[PDB]
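A.B. asks: For reference, the structure I am asking about is given below.
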Amino acid sequence: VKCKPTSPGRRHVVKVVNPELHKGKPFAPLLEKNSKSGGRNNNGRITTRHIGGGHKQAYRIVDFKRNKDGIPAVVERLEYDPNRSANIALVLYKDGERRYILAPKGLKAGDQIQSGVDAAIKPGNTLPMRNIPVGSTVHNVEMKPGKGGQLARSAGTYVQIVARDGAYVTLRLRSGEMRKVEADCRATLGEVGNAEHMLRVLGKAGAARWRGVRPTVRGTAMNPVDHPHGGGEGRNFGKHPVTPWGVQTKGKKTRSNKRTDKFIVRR
Amino acid sequence: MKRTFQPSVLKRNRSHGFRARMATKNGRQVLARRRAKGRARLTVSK
RNA sequence: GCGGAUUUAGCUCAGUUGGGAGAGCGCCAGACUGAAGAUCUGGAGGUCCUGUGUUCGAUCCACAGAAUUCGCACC
RNA sequence: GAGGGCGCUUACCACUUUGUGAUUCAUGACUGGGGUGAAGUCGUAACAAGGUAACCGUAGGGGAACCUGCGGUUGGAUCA
RNA sequence: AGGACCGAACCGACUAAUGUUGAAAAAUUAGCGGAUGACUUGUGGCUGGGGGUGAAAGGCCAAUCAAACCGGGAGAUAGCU
RNA sequence: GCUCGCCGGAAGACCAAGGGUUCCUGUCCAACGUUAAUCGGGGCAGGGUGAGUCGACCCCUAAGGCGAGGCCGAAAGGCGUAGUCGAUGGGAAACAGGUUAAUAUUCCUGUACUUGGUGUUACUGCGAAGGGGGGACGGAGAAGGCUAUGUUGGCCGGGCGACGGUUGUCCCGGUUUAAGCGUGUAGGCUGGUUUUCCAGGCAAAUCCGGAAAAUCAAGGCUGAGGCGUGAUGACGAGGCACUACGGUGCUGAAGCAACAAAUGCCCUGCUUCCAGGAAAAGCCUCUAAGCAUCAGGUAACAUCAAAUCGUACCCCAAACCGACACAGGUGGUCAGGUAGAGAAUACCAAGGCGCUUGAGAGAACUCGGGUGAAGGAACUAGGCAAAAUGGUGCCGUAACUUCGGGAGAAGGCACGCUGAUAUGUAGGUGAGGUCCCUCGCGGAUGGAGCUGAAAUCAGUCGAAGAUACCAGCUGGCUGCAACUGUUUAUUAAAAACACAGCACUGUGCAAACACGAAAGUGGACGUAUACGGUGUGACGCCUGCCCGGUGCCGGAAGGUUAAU
RNA sequence: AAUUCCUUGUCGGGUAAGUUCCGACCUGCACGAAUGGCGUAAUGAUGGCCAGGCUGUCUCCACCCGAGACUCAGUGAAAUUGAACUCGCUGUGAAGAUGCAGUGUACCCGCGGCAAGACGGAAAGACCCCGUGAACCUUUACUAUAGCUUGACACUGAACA
RNA sequence: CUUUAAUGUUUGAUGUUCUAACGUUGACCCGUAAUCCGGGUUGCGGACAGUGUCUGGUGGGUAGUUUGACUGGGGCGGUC
């Protein structure tokens, strides 16, 4: 958060330094194309996801796939997403259609947003990687070939193309540089939108986490009726694991469909 | 705390309901032992 | 009280079939140093608790006593 | 009729304190800094290669006696 | 702007004071805040037994539940006067 | 009568928890009112609560019931598409007068309207199961007007008003203007009108999204209400009788403008901040088929249908509940009043109505306190109790930097009632009179009628004036949870600790978890910077160090010796 | 600090008196790196005595409007039970004299004082064991079922190297 | 007749892969103004999955029990 435009916190004349002082990206109304998520954990019956607090979920931005590549478009405005920290834009497709696309740091003018098979190369709707050049930035990447993108945010997550890797089977990311997903999956570009919303804490608490969920706060500590410890007296002080399932290192997988992970350096 | 006895209609559908006292077999023996064999009445149908 | 340990070389304690009394180390000489230590080869250093018994031979065990010492017995 | 004597009005203003701080004395109740080096002891890297150096800002192991690894300007022996 | 400092009935729960031989398994009088939300607030259908939601309590949960308001096992075991 | 009370966030209003018809009166005492007992919904004889518009069918649904065929299933039963239920989401949709004990959007009495058949004239190309406008929100607000309603007097009814005073400058009483039509104003939204074409919109498309020209700028959709229309429509001071003494019978004044604020109207205006305020519809139009000299719809006015209830007592709360008209709870609802920071408090007019145990007596029997000579906590587990101190402003105040804050620190103080500037200052207000203009809900000049600080010079009455109800110990110390706290209602009232960052950890992904027997519903409309482990202990530094044992697991050089 | 192993350790300054208003030579068992440590923001649902207030907090409350309760009228129910005409240290011990008599000799009644006097009441005493014993929570004892976990035969084939 | 080779003729296994199993919780096509859901071109990994017991500790995540007696009442120290 050395970056710009940064919005740095306040001089201490109120209890709050954070939250994020980003003028110029909330907006109203919730435009015509919108939806919501509903009830509480409600799994049928005795829910395993602890603490809940499930009021105000509430609404989400509706556009998944975004597979309209070839038809050119332009940038109307950009917003924010309280479900992902995501920098999303509202995009008018010159054919006659309005849509919501995931964006980098300030992509406006309203620029030249287009894709198409070898025909184009710009920051472009969704776009196949075996038809464009090699960099750090890629973004959308169908989590497998036609299913849907992997990353619904521009939170910072660089996936990194390799050129000709074992015949198109590419990328280089964080926890498994042997994804071997073929370059027949779709890009868009690129991974830093608002790092400012995530790289720094918004509050201790904040609206982000107490108006419609409760996070986690305990497991081990108090009332021995749930976890493997213990007697009383404030004491704790034993061996008490996360049983029957584990904690501090072991792994969990052995067999799956696709299963592509191979070498695994871990640590 | 807000103790206790009160009358109402809409709360009868999971507990106090005459068609459910025939729908459930658990109610159905009671219903006959209380009037059809039990020499009696209920009539409180309102 | 009972049951254990301990009284084996200046230091630290190893060791006992139950027949020899030990080395890490300190001294002594030997020479290398004017000297001394290191390091060095040689040599030495003993209340092996006392008493009685078993025994071929008791430092050792068994038994009686003495004494340091510890855990528990006490509330 | 007029003041000044008074008798009201009120202040400059002595006492007085809401306060708490300058700085000067001994009563200096866990100490550690810079040395003489009346025999100090453990150690001993540097003033020639102080007999398989390392000076300089110094960051670090932590008996430092600061080892030790760059960058020089030869106040460090040559035919390395 | 800020779960601001200091504000009403919509909040609970500090010691007392006339609460114990009850107005009462809980609430009180001159007093007193958290001041817009780590608020509580109400029609009803999803938590129906050894429970099931966790500001995480052995307190709850009919008011006294470490399994009770069930009566069908069962007029049980019975070292029991 | 006569003097005063309780509820004062009223037991004012209409009615929703269904308990149900036990209100008025005509008359009454067990089956009851821990007193009388006339009253208490007691309890008895009558009767009753008039709804096309109130709200719920409807067309309608977010959550959630059920559900074809089914994946399944011991017998049970589980989960679900199309459908179909479905409000506490939405849409059209009662007012001034009068009249019965009541009970009243009803009743009457007129105004005149909403859904759908029908008729006589008139106009016109219509349509859907599909398209698009939005149909739709959340509260703090900001800004202008309307004045609700009050006080005043011109003006009108009464008269000079029982003590002392009062006969034109007093002192009382009404102070109403209904409709729907008519038009448009306050802020606001939007430059007007045609023509030609697409990489678009479930097949289409006069409607929507994007494009490409033409011709013009003054164009379009209302809105509280002022204002007015109605209305020789009435209400009513009073006048004259009659009575079943309730009233109704006959008749009747007056009838203007100012001044100041809403709890409400405009404002799904317009602003400001983000947890991110839910769908079928009315509102407004596009076509598909198929009609197609046919049919449909919109309009003047003529009519009929207006689809079983409920409407009675009753509430910020005695026929609910508590169960003794119970010091539990606890409402959407008209907001009654002046000075008030206030739903902070002794005072109110009313509506029910003063609430069916009170006479005398005046030992000690602490449900208590006050002013004490002395002294000032010399008491003690509890300066406990009784407080007191509680404004703007100032004659001016200390440690401490997180330079906010520690600062209504602290200290003590003029305070009543009024001359004079000022037959009220200033400031707020804008009648008329006079002029202009675009023609009309228009502006310029101007000072009528209300109102009301804040001080300066001067007074002097105190034992007392913020003469009264609201409402505070400077401290200064110990251990810094560092965010207010209300979070373990049940010993503690926090001296509990819920923050929240992160190295590491479980998932390269049909992800971790499986609750339900078949779910893939949390997480997901989502990627290892998403969500979870175990925690973290403001902030900011700082985590030195040291691997014996013992964990955490990983592995294979290699033996203990297995289902294979 | 809940180590103060040793004892209320101190030097003694301040002080009607320092078992401390602290006013820096320690006597350190069983101190700390996330069960953490050098520290602190303004807030008190504020824990513990310490100034000056105001004083009746001691010892000293003897006066009071006064609730009422004994009194006078309506009404009078049980938290359930030892006959009473129940001697005020009494003595003697199935180790307790309102009843084994040495004494004093208390008229009948206020249920008005009602101060020790059903050891009493609110009730299977909490200290609690004979318990062939309700289950009631744990831990590098004991484990077990559900599970965690991989390798294994069942099952799903050999063509080549 | 073998320590052993080349081949025939009898035959087991592990690597090495392709792949009508299979799973489609991936698309396109498709019954269909369709969230369940029918079925194929295709795409994907792949004999993987699924669990039935056998071997293994791993934890106090159901349930269970309180296993003598000796008591100048208990815990230790002694005995039938």
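Labels used: A, B, ... for chains in the order of the structure tokens, numbers from 1 for residues in each chain, and numbers from 1 for ligands as shown.
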Excluding segment 4-6 of chain C and any residue of its chain fewer than 2 positions from it, enumerate the residues within 9 Å of it, using only C-alpha atoms (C1' of nucleotides), and give them as a PDB file with C-alpha atoms (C1' of nucleotides), in the first residue's frame.
C.D. replies:
ATOM      1  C1'   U C  68      26.880 -39.337  58.140  1.00  0.00           C
ATOM      2  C1'   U C  69      22.285 -39.287  54.866  1.00  0.00           C
ATOM      3  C1'   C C  70      17.317 -39.900  52.292  1.00  0.00           C
ATOM      4  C1'   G C  71      12.019 -41.362  51.223  1.00  0.00           C
TER       5        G C  71
END
A.B. asks: Skipping near chain neighbours, those fewer than 4 positions away, what residues fall within 12 Å of residue 29 of chain G using only C-alpha atoms (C1' of nucleotides), listed as a ChimeraX atom specification?
C.D. replies: /G:3-6
A.B. asks: Using only C-alpha atoms (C1' of nucleotides), find the one residue out of E:59, E:3, E:22, E:51 that sits nearest to residue 36 of chain E.
C.D. replies: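 Nearest candidate to residue 36 of chain E out of E:59, E:3, E:22, E:51: E:3.
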A.B. asks: Please extract the residues of segment 149-232 of chain A with a backbone DSSP assignment of strand (DSSP E or B) and present them as number ranges by chain.
C.D. replies: A: 149, 155, 169, 182, 186-187, 192
A.B. asks: May I ask for the distance between atom CA of residue 127 of chain A and atom CA of residue 259 of chain A, given in Å to one decimal place?
C.D. replies: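 Spanning atom CA of residue 127 of chain A to atom CA of residue 259 of chain A is a straight-line distance of 25.4 Å.
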A.B. asks: Residues near segment 25-35 of chain C, anyone? I mean within 12 Å using only C-alpha atoms (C1' of nucleotides), not counting same-chain ones fewer than 5 positions away, as a ChimeraX atom specification.
C.D. replies: /C:9-13,40-45
A.B. asks: With C-alpha atoms (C1' of nucleotides) kept, could you save the residues just selected as a PDB file, in the first residue's frame?
C.D. replies:
ATOM      1  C1'   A C   9      44.074 -42.031  46.571  1.00  0.00           C
ATOM      2  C1'   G C  10      44.344 -33.970  47.316  1.00  0.00           C
ATOM      3  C1'   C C  11      39.753 -33.780  43.674  1.00  0.00           C
ATOM      4  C1'   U C  12      35.403 -36.674  41.169  1.00  0.00           C
ATOM      5  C1'   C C  13      33.983 -41.176  42.583  1.00  0.00           C
ATOM      6  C1'   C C  40      55.015 -36.280  27.499  1.00  0.00           C
ATOM      7  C1'   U C  41      56.987 -41.624  29.537  1.00  0.00           C
ATOM      8  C1'   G C  42      58.190 -43.577  34.152  1.00  0.00           C
ATOM      9  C1'   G C  43      56.579 -43.997  39.416  1.00  0.00           C
ATOM     10  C1'   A C  44      53.632 -43.219  43.270  1.00  0.00           C
ATOM     11  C1'   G C  45      49.297 -41.866  46.108  1.00  0.00           C
TER      12        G C  45
END
A.B. asks: For chain E, work out the contacting residues on chain B at 12 Å, counting only C-alpha atoms (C1' of nucleotides), and write them as a PyMOL selection string.
C.D. replies: chain B and resi 1-5+8-15
A.B. asks: Can I get the selected residues back with N, CA and C atoms, as a tab-separated table (two decimals), in the first residue's frame?
C.D. replies:
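Printed below is result-v1.tsv as written:
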chain	number	residue	atom	x	y	z
B	1	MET	N	-40.65	-17.08	31.03
B	1	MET	CA	-41.03	-16.00	31.88
B	1	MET	C	-42.54	-15.66	31.69
B	2	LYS	N	-42.97	-15.57	30.43
B	2	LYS	CA	-44.35	-15.05	30.04
B	2	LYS	C	-45.57	-16.04	30.17
B	3	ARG	N	-45.37	-17.11	31.00
B	3	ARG	CA	-46.37	-17.86	31.78
B	3	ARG	C	-47.85	-17.45	31.61
B	4	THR	N	-48.73	-18.21	31.01
B	4	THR	CA	-48.62	-19.48	30.17
B	4	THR	C	-49.84	-19.86	29.36
B	5	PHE	N	-51.09	-19.78	29.96
B	5	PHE	CA	-52.28	-20.68	29.67
B	5	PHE	C	-53.07	-20.52	28.40
B	8	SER	N	-55.72	-19.47	21.60
B	8	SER	CA	-55.40	-18.99	20.20
B	8	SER	C	-55.72	-20.19	19.26
B	9	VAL	N	-56.00	-19.91	17.98
B	9	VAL	CA	-56.21	-20.86	16.88
B	9	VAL	C	-54.99	-21.23	16.05
B	10	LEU	N	-54.19	-20.25	15.64
B	10	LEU	CA	-53.17	-20.53	14.61
B	10	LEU	C	-52.06	-21.50	15.11
B	11	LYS	N	-51.91	-21.66	16.43
B	11	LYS	CA	-50.88	-22.53	17.10
B	11	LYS	C	-51.27	-24.04	17.28
B	12	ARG	N	-52.34	-24.51	16.67
B	12	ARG	CA	-53.00	-25.82	16.88
B	12	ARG	C	-52.51	-26.83	15.83
B	13	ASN	N	-51.92	-26.33	14.74
B	13	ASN	CA	-51.50	-27.08	13.51
B	13	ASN	C	-50.30	-28.12	13.71
B	14	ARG	N	-49.52	-28.06	14.81
B	14	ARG	CA	-48.38	-28.95	15.18
B	14	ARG	C	-48.54	-29.66	16.46
B	15	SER	N	-49.68	-29.36	17.12
B	15	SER	CA	-49.91	-29.84	18.51
B	15	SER	C	-51.38	-30.23	18.82
A.B. asks: Could you list the residues in chain A lying within 8 Å of chain E, using only C-alpha atoms (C1' of nucleotides), and format the result as number ranges by chain?
C.D. replies: A: 14-16, 45-46, 50-51, 210, 218, 222-223
A.B. asks: Residues of the last selection are to be written out with C-alpha atoms, as an mmCIF file, in the first residue's frame.
C.D. replies:
data_model
loop_
_atom_site.group_PDB
_atom_site.id
_atom_site.type_symbol
_atom_site.label_atom_id
_atom_site.label_comp_id
_atom_site.auth_asym_id
_atom_site.auth_seq_id
_atom_site.Cartn_x
_atom_site.Cartn_y
_atom_site.Cartn_z
ATOM 1 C CA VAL A 14 -11.914 9.509 16.669
ATOM 2 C CA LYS A 15 -11.792 5.876 17.798
ATOM 3 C CA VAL A 16 -11.141 4.879 14.078
ATOM 4 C CA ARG A 45 -30.355 -30.321 10.022
ATOM 5 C CA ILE A 46 -27.432 -30.191 12.573
ATOM 6 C CA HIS A 50 -19.836 -23.259 13.767
ATOM 7 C CA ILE A 51 -20.926 -19.740 15.381
ATOM 8 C CA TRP A 210 -20.569 -8.055 12.321
ATOM 9 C CA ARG A 218 -13.126 -19.847 19.754
ATOM 10 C CA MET A 222 -14.003 -22.635 27.495
ATOM 11 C CA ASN A 223 -16.654 -25.437 28.146
#
A.B. asks: Distance limit 9 Å, atoms considered: only C-alpha atoms (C1' of nucleotides). Which chain F residues sit that close to chain A? Return them as a PyMOL selection string.
C.D. replies: chain F and resi 62-63+134+198-201+209-210+274-278+402+404-405+483+498-501+504-510+513-516+521-523+525-530+533-535+551-554
A.B. asks: Work out how far atom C1' of residue 152 of chain G is from atom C1' of residue 563 of chain F, in Å to one decimal.
C.D. replies: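 The value is 6.8 Å.
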A.B. asks: Residues at most 8 Å from residue 60 of chain H, counting only C-alpha atoms (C1' of nucleotides), excluding those fewer than 5 positions away in the same chain, as a list in words?
C.D. replies: residues 228 of chain A; 138 and 139 of chain G
A.B. asks: Excluding segment 61-64 of chain H and residues on its chain fewer than 3 positions from it, collect all residues at most 9 Å away from it, counting only C-alpha atoms (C1' of nucleotides), and give them as a PyMOL selection string.
C.D. replies: (chain A and resi 226-228+243-244) or (chain G and resi 144-146)
A.B. asks: Produce a file of the selected residues containing N, CA and C atoms (P, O5', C5', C4', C3', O3' and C1' of nucleotides), as a PDB file, in the first residue's frame.
C.D. replies:
ATOM      1  N   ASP A 226     -17.143 -29.738  23.938  1.00  0.00           N
ATOM      2  CA  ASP A 226     -17.017 -29.712  22.499  1.00  0.00           C
ATOM      3  C   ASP A 226     -15.620 -30.220  22.050  1.00  0.00           C
ATOM      4  N   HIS A 227     -14.500 -29.735  22.591  1.00  0.00           N
ATOM      5  CA  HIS A 227     -13.180 -30.061  22.215  1.00  0.00           C
ATOM      6  C   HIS A 227     -12.447 -31.009  23.267  1.00  0.00           C
ATOM      7  N   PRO A 228     -11.408 -31.783  22.809  1.00  0.00           N
ATOM      8  CA  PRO A 228     -10.605 -32.716  23.620  1.00  0.00           C
ATOM      9  C   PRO A 228      -9.838 -32.170  24.872  1.00  0.00           C
ATOM     10  N   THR A 243      -9.103 -33.513  17.045  1.00  0.00           N
ATOM     11  CA  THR A 243      -9.351 -34.916  16.743  1.00  0.00           C
ATOM     12  C   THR A 243     -10.785 -35.198  16.181  1.00  0.00           C
ATOM     13  N   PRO A 244     -10.995 -36.317  15.452  1.00  0.00           N
ATOM     14  CA  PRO A 244     -10.142 -37.400  14.945  1.00  0.00           C
ATOM     15  C   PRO A 244      -9.309 -37.030  13.736  1.00  0.00           C
TER      16      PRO A 244
ATOM     17  P     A G 144      -9.218 -51.910  24.440  1.00  0.00           P
ATOM     18  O5'   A G 144     -10.851 -51.747  24.294  1.00  0.00           O
ATOM     19  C5'   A G 144     -11.355 -51.500  23.000  1.00  0.00           C
ATOM     20  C4'   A G 144     -12.734 -50.850  23.218  1.00  0.00           C
ATOM     21  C3'   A G 144     -13.345 -50.509  21.836  1.00  0.00           C
ATOM     22  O3'   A G 144     -13.717 -51.727  21.243  1.00  0.00           O
ATOM     23  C1'   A G 144     -13.713 -48.659  23.227  1.00  0.00           C
ATOM     24  P     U G 145     -13.728 -51.907  19.691  1.00  0.00           P
ATOM     25  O5'   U G 145     -14.806 -50.913  19.083  1.00  0.00           O
ATOM     26  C5'   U G 145     -16.171 -51.258  19.038  1.00  0.00           C
ATOM     27  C4'   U G 145     -17.147 -50.157  18.885  1.00  0.00           C
ATOM     28  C3'   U G 145     -17.023 -49.425  17.542  1.00  0.00           C
ATOM     29  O3'   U G 145     -17.427 -49.988  16.317  1.00  0.00           O
ATOM     30  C1'   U G 145     -17.441 -48.015  19.345  1.00  0.00           C
ATOM     31  P     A G 146     -16.657 -49.537  14.982  1.00  0.00           P
ATOM     32  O5'   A G 146     -17.161 -48.010  14.695  1.00  0.00           O
ATOM     33  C5'   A G 146     -18.597 -47.782  14.410  1.00  0.00           C
ATOM     34  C4'   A G 146     -18.830 -46.303  14.422  1.00  0.00           C
ATOM     35  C3'   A G 146     -18.037 -45.481  13.351  1.00  0.00           C
ATOM     36  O3'   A G 146     -18.651 -45.611  12.117  1.00  0.00           O
ATOM     37  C1'   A G 146     -18.020 -44.475  15.567  1.00  0.00           C
TER      38        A G 146
END
A.B. asks: Do you know which residues are at most 12 Å from residue 161 of chain G counting only C-alpha atoms (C1' of nucleotides), after dropping those on the same chain fewer than 2 positions away, and could you put them as a list in words?
C.D. replies: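 Counting only the stated atoms, we get residues 159 of chain G; 14, 15, 16 and 17 of chain H.
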A.B. asks: Give me the chain F side of the contact with chain B, cut-off 9 Å, one line per residue showing its nearest atom pair and distance in Å at one decimal, counting only C-alpha atoms (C1' of nucleotides), sorted by chain and residue number, as a Markdown table.
C.D. replies:
| residue | atom | partner | partner_atom | distance |
| --- | --- | --- | --- | --- |
| F:17 | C1' | B:8 | CA | 7.1 |
| F:18 | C1' | B:8 | CA | 7.0 |
| F:19 | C1' | B:7 | CA | 7.1 |
| F:320 | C1' | B:6 | CA | 6.6 |
| F:321 | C1' | B:4 | CA | 7.1 |
| F:322 | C1' | B:3 | CA | 7.7 |
| F:328 | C1' | B:2 | CA | 7.7 |
| F:329 | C1' | B:2 | CA | 6.8 |
A.B. asks: Could you go through chain B and tell me which residues DSSP, when run on the backbone, assigns to alpha helix (DSSP H), listing them as number ranges by chain?
C.D. replies: B: 20-23, 25-31
A.B. asks: At what distance in Å, to one decimal, does atom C1' of residue 70 of chain F lie from atom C1' of residue 519 of chain F?
C.D. replies: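 These two atoms are separated by 14.1 Å.
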A.B. asks: Can you check which parts of chain G lie within 8 Å of chain A? Per residue, the shortest pair of atoms and distance in Å to one decimal, counting only C-alpha atoms (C1' of nucleotides), sorted by chain and number, as a tab-separated table.
C.D. replies:
residue	atom	partner	partner_atom	distance
G:35	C1'	A:237	CA	7.7
G:137	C1'	A:231	CA	7.3
G:138	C1'	A:231	CA	5.9
G:147	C1'	A:244	CA	6.7
G:148	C1'	A:244	CA	5.7
